[PDB]
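Before any questions on how it binds or moves, here is one chain, the form deposited in one PDB entry, in structure tokens.
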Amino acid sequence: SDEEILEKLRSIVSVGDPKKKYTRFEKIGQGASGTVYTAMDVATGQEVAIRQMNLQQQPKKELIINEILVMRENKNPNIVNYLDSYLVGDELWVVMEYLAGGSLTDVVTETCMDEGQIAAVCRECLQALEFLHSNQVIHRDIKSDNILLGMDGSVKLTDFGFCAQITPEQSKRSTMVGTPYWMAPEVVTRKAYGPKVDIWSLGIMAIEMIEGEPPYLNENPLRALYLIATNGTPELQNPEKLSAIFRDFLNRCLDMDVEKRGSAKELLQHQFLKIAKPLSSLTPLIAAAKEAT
């Protein structure tokens, strides 16, 4: 009930209006997710990203509550920090840290990453995934768009608007919520999938870093899903150009047999990650992609 949902949010949020705690607001995005502003914590100085939503015009408010509760209880260096929330009437404000380096999508579409840089990003993403999976959380919408970058090269996962919490019981999910092109075959074929759907998505993200886009991007989303389910593991355009260890890493992320696919815990030990360059090696690419926009 809209009423109960408001009381629930009321219990979660900090009290009052945010207009005192933040200053130089600047409007960025303005989709259906709400209006997003950059702003400055007046008390810490930290630049933040604030999403403002009008509840009565927000469809699935349970997902928003789930997102806040999950973020609040699963803080991690490789997850964009959830800072606070406020409710003013039917207006809900969610405050996140702001990363000035844009997203991984900007980097893979505007620059050419080398294997050392790719290994670094893959490692940081696997750190977030191992942590989440160890805490029974499946992100379910892993893709470059949801990987934000700091100017120093920090790599953080965001958007828990589609995550799932599992248990011994209800250890598997069925709900098709992720973005088509990055979805694991088992999500579309068969039912009941587990945490490894995020591992498959990470492999597709690695293809993005190599080729600039996930396989089948050119296709209608409806057709990509059928292809993903009927073609299985994607084929690289120029596999010979990659090192044997990177090809092995991709093969482990994109195996069809879920049992055979690597878990986050297993892949964190992969030798491909050991060739990672320092995270600051990403700064030049992030700068180039930001100006190119």
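A residue's number is simply how far along the shown sequence it sits, counting from 1.
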{"item": "147 to 155 versus 169 to 177 - greater average Cα B-factor per the deposited record", "value": "169 to 177"}
{"item": "72 to 80 set against 215 to 223, stretch whose average Cα temperature factor tops the other in the entry", "value": "215 to 223"}
{"item": "Residue with highest C-alpha B-factor in the PDB entry, from 133, 140, 123, 190", "value": "190"}
{"item": "Given 66, 251, 231, 243, the residue at which the Cα B factor reaches its maximum", "value": "231"}
{"item": "Position of residue 283 among the chain's modelled residues by C-alpha B-factor, lowest, middle or highest third", "value": "middle"}
{"item": "Relative C-alpha B-factor of residue 49, binned into the chain's lowest, middle or highest third", "value": "middle"}
{"item": "Residue 261 - Cα temperature factor, lowest/middle/highest third of chain", "value": "middle"}
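Same protein, other form: the form deposited with a small molecule bound, not shown, and the subject of what follows.
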{"property": "Site test, 80, 98 and 158 vs the small molecule in the entry with it bound, non-hydrogen atom cutoff 4.5 Å", "result": "yes"}
{"property": "Candidate from 36, 258, 242, 39 lying within 4.5 Å of the small molecule in the entry with it bound - any heavy atom", "result": "36"}
{"property": "The single option of 28, 229, 236, 268 touching the small molecule in the entry with it bound, heavy atom within 4.5 Å", "result": "28"}
{"property": "Partner-proximal stretch of 112 to 120, 139 to 147, 191 to 199, 216 to 224 relative to the small molecule in the entry with it bound, 4.5 angstroms, heavy atom", "result": "139 to 147"}
{"property": "Contact label in the entry with it bound: residue 264 to the small molecule, heavy atom within 4.5 Å", "result": "no"}
{"property": "Exercise: residue 185 in contact with the small molecule in the entry with it bound, heavy atom 4.5 Å", "result": "no"}
{"property": "Partner proximity in the entry with it bound: residue 102 to the small molecule, non-hydrogen atom cutoff 4.5 Å", "result": "yes"}
{"property": "Contact label in the entry with it bound: residue 49 to the small molecule, heavy atom within 4.5 Å", "result": "yes"}
